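Next up is one chain by itself, shown in structure tokens, the form deposited in one PDB entry.
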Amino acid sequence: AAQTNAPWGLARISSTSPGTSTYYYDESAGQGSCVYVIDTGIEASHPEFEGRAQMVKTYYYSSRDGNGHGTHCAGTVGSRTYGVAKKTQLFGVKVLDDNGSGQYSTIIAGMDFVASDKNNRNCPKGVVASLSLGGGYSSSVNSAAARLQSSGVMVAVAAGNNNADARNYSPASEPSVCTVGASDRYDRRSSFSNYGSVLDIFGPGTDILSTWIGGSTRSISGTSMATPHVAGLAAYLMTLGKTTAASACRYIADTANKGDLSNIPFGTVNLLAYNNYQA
């Protein structure tokens, strides 16, 4: 399938080269998979989600996304126009308040929630969790992410936006999950992207158009934007049967575009998420 005039990041994930504008993907499109977006929520009524999004948990007075960040990330995972996996099921877990902040204790509860809640859902092609969040190093946050992954969920987490080594941030620094850095449309490391040995992969993160609250759209930047490209890619590849929740991060690294990115510090992988879709 071909989506013309797609956001650059979608075009990039199905291309060997920068500078194109059409996204190519297998029409299965992540059908039968599920992606949990652990964030500020998801505006499920947005026409872009086509009834495929729902809120499943909140730790606050509402499950509404009063911020936009979670809705944007969910859009990159699975919206019809802005998403990688256009037929996946999206589940919102609101661990971040409407200012975009959340206590680590709440974030941990949210991860444990997903590990159990997947047993309440129909995801025959597998389960992914996208975590566009984080703060300073915490062994408890890392351990929660490790548990979620161990439980059979493909966990993708943001590397962070500190232009620093991700070793000092969580859940970025948890080795067993998929830690995602950000690139721009010219195949440069995004200016803010963290780096380091713990990164598994890069995805598009600068100037990413997606859904926003109030039935709108907007372009924003962050490792938060790169992460859902990888989460959606995992869901897509799992629906195709090419990989599994336990092996998807490795598979994505195996099949990535190699050596395309600039300003990657010595010791950080030069790997850009790629669907290897061949019609």
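Note that residue numbering follows the sequence shown and begins at 1.
Keep in mind the form deposited with a small molecule bound is missing from the figure; the text below concerns it.
Novice: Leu90, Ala85, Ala129, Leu133: which sits within 4.5 Å of the small molecule in the deposited bound form by any heavy atom?
Specialist: Only one option qualifies, and that one is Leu133.
Novice: Look up in the deposited bound form whether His69 has a non-hydrogen atom within 4.5 angstroms of the small molecule, and give yes or no.
Specialist: Yes, contact at 4.5 Å.
Novice: Does the small molecule come within 4.5 Å of any heavy atom of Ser224 in the deposited bound form?
Specialist: Yes - in the deposited bound form, heavy atoms of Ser224 and the small molecule come within 4.5 Å of each other.
Novice: Is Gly75 a contact residue for the small molecule in the deposited bound form, using a 4.5 Å heavy atom cut-off?
Specialist: Output for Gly75 is no: heavy atoms all beyond 4.5 Å of the small molecule.
Novice: With a 4.5 Å heavy atom cut-off, would you call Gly160 a contact of the small molecule in the deposited bound form?
Specialist: Taking the distances in the deposited bound form, the answer for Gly160 is yes, it comes within 4.5 Å of the small molecule.
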